[PDB]
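Trainee: Chains as they are written, first to last, in the UniProt record's numbering: chain C, 107 to 215; chain G, 433 to 541.
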């Protein structure tokens, strides 16, 4: 389907609290969160608008792939345009630049 | 001040010339000049709009302002008191020619 663009170069994930009453002011490390996503979900194919459930240190979160950047092996530079269209998909790798963005509620610290 | 001691400044800019150019600048205008010059620098990286998401460590790791940014910046900030000399410089838009000796004598006098 993709032809060349088979891996995920950068992945943008909107993080939100599932339960409004379970908000916690703990400082969350991005590196640890990325590691959590990779360790639990590796070499998995992802689309924009796909939802996911994340259990980090007992805390359950809604994750939302807002956009995806699909890059092929061997691409030194990420010249590919990040696609907001759902059609683009790619396969997760341990090196994807994972950017976590506050949910619409804006309660995750 | 901070820009220099934090090694964010190109070595090419020489402040004396800047002081020379800014004839009627007030004490509150120089600051806007600095802001504009930096704004060009940062914009080269981000490219708000079309070419989005290029933000990466490499780009931001070597930011330095250049002299031509200030030269460009002069076109945005404009004096407030130096508004009547502009008339004078535009009065000789037609150029000057020395088709006769006489003119030289007059200017010399």
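All C-beta atoms in this analysis are idealised placements derived from N, C-alpha and C, irrespective of residue type, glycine included.
#1: Three or more C-beta pairs under 8 Å: does that hold for the region 195-214 of chain C against the region 435-452 of chain G?
#2: Buried or exposed for residue 121 of chain C, please, with buried defined as at least 16 other CB atoms from any protein chain shown within 10 angstroms of its CB.
#3: Taking any Cβ of chain B, which residues in the region 174-201 of chain C have a Cβ under 9 Å from it, in chain order?
#4: Contact check, residue 197 of chain C vs residue 117 of chain C under 8 Å by CB: the rounded distance?
#5: Confirm, please, whether the CB-CB distance from residue 485 of chain G to residue 188 of chain C is below 9 Å.
#6: Can you check whether the C-beta of residue 203 of chain C is within less than 9 Å of a C-beta belonging to chain G?
#7: Have a look at residue 110 of chain C and residue 136 of chain C and give me their C-alpha separation to the nearest angstrom.
#8: Could you say if the region 473-484 of chain G and the region 494-503 of chain G meet the contact criterion of at least three C-beta pairs nearer than 8 Å?
#9: Report the option in G/513, G/453, G/503 whose CA atom is closest to the CA atom of residue 469 of chain G.
#10: Please list, in chain order, all residues of the same chain as residue 181 of chain C whose beta carbon is under 8 Å from its beta carbon, the five residues on each side excluded.
#11: Note down the Cα distance separating residue 183 of chain C from residue 177 of chain C, rounded to an integer number of angstroms.
#12: Do residue 215 of chain C and residue 119 of chain C have their CB atoms nearer than 9 Å?
#13: Check for me: the beta strand (DSSP E) holding residue 173 of chain C runs from which residue to which?
#14: Take residue 140 of chain C and list the residues in its own chain whose beta-carbon comes closer than 6 Å to its own, dropping the five residues that flank it on each side.
#15: At the 9 Å Cβ level, is residue 108 of chain C part of the contact set with chain G, yes or no?
Mentor: Let's see:
#1: no
#2: Looking up residue 121 of chain C in the first chain gives position 15. The residue in question, residue 121 of chain C, is buried, as its Cβ has 16 or more Cβ neighbours within 10 Å.
#3: Absent from the structure: chain B. Protein chains present are C and G.
#4: As a first step, residue 197 of chain C is located in the first chain; it is residue number 91 there, counting from the start. As a first step, residue 117 of chain C is located in the first chain; it is residue number 11 there, counting from the start. Not a contact, Cβ separation roughly 11 Å.
#5: As a first step, residue 188 of chain C is located in the first chain; it is residue number 82 there, counting from the start. As a first step, residue 485 of chain G is located in the second chain; it is residue number 53 there, counting from the start. Result yes, Cβ atoms of residue 188 of chain C and residue 485 of chain G sit closer than 9 Å.
#6: As a working mapping, residue 203 of chain C is identified with position 97 in the first chain. Chain G contact via Cβ: present.
#7: What you label residue 110 of chain C is simply residue 4 of the first chain in a count that begins at 1. What you label residue 136 of chain C is simply residue 30 of the first chain in a count that begins at 1. Near 29 Å, if we compare the C-alpha coordinates of residue 136 of chain C and residue 110 of chain C.
#8: yes
#9: For the purposes of this step, residue 469 of chain G is taken as residue 37 along the second chain, with counting starting at 1. Minimum Cα distance to residue 469 of chain G is reached at G/503.
#10: Position 75 of the first chain holds residue 181 of chain C. Sequence-distant Cβ neighbours of residue 181 of chain C in its own chain, meaning closer than 8 Å and more than five residues away, are 115.
#11: As a working note, residue 183 of chain C is residue 77 in the first chain. As a working note, residue 177 of chain C is residue 71 in the first chain. Rounded to whole angstroms, residue 183 of chain C to residue 177 of chain C spans 9 Å at the Cα level.
#12: Stepping through the first chain from its first residue, residue 215 of chain C is reached at position 109. Stepping through the first chain from its first residue, residue 119 of chain C is reached at position 13. No, the Cβ-Cβ distance between residue 215 of chain C and residue 119 of chain C is not below 9 Å.
#13: To locate residue 173 of chain C, count along the first chain from 1; it is residue 67. 165-177 is the span of the beta strand (DSSP E), which, as asked, contains residue 173 of chain C.
#14: To locate residue 140 of chain C, count along the first chain from 1; it is residue 34. Answer for residue 140 of chain C: 204, listed in chain order.
#15: On the first chain, residue 108 of chain C is found 2 positions in, with the first residue counted as 1. Not an interface residue.
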